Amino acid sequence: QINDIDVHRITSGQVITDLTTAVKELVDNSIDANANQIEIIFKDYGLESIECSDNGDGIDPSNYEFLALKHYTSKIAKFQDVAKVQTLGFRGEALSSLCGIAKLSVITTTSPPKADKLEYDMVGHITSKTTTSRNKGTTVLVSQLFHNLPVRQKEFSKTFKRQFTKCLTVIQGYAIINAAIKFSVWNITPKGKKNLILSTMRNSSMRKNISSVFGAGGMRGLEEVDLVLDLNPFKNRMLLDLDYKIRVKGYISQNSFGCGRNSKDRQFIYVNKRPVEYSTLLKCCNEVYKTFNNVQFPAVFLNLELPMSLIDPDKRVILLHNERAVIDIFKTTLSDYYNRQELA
């Protein structure tokens, strides 16, 4: 009843839930490519297309053919050097998925200015390779998103405005923590307007970026946070030992009356410079803050820096070593940070 292509269509649809997820996948790939410059161009807010341009390492020409194919034991076994082909691609699920539920194009180069333009069909095969030029880096273009998921596409049209803002929030997250990276975001309107949406300067402190990304009001009520949670006496599994110290740097709203937010609409948390979904740590943030200002939620921009060695259908749901202790040492450490702020 349901043919293989459909299965591929539906599954890839489970991978790229919406425009925002697609964007996440593209930004992540660029950062992974060691880009220091990332440009994102939306056409009609995403309805038409999204383009991600970086100056990263680019894609090795040998990977072109296997970049967006889905990995199947059955098809790999059809190669003489199985070990070899499995190092030429079949990585991840993103590009492989954007192929099934969208039109994927790539322009890349590992040797500027000689470059290639690749068109991949729904199944990962290269329908056309065109000679072109471009500086070091890669450009990924996702167009006609969900063109073969009528129901989802239709929903996208009657909710594109909210979707974009959701997608913008996520772009703001990447831009605030990635100081060594310059982000630029434009939206080209059907009426021919190139509307600048967001921009940060390369080599900008988190502060300079919050101010760019949220205007002068962005810092209003904010106070620097510089904490060190010593967790060494809390590691559980016995063996130049690991220094289990967590450095928490960033900014958070001061408990001062009013200085907070009416909504928990502006909270960002990072673990080793990467947006992470720390549900637990936010709950803690919120409660500890209530005790000082009940009628408001705190704006958050905190980076948890620590060794990944002590770090373990969605994404990067991270769990730290003995998270229960962490949560407690943080709760009191922050609380006492606010108490010290009141005395100010």
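Note that residue numbering follows the sequence shown and begins at 1.
Are residue 239 and residue 240 truly consecutive in the deposited sequence, or are residues between them missing coordinates? Give the number as none, 1 to 3, 4 to 9, or 10 or more.
Going from residue 239 to residue 240, the model skips 4 to 9 residues of the deposited sequence.
Test of understanding: from the entry's C-alpha B-factors, which stretch has the higher mean, 104-112 or 243-251?
Mean CA B-factor is higher for 243-251.
Segment of higher mean CA temperature factor, 200-208 or 147-155:
According to the entry, 200-208 carries the higher average C-alpha B-factor.
If you check the C-alpha B-factor for each of 295, 69, 47, 27 in the entry, which is highest?
So the option with the highest C-alpha B-factor is 295.
Maximum C-alpha temperature factor, selected from 218, 89, 192, 124:
Spelled out: the listed residue with the top C-alpha B-factor is 218.
Ordered by C-alpha B-factor within the chain, which third holds residue 186? Give me lowest, middle or highest, please.
Within its chain, residue 186 is a lowest-third residue by C-alpha B-factor, going by the deposited values.
Record-listed C-alpha B factor of residue 343: chain third
Its C-alpha B-factor belongs to the highest third of this chain's values.
Chain thirds of CA B-factor: placement of residue 61:
It falls in the middle third of the chain.
Tell me, lowest, middle or highest third: where does the Cα B factor of residue 130 rank within its chain?
Middle third - that is where residue 130 ends up once the chain's C-alpha B-factors are sorted.
Within-chain third of residue 274 by Cα B-factor, per the entry:
Its C-alpha B-factor belongs to the highest third of this chain's values.
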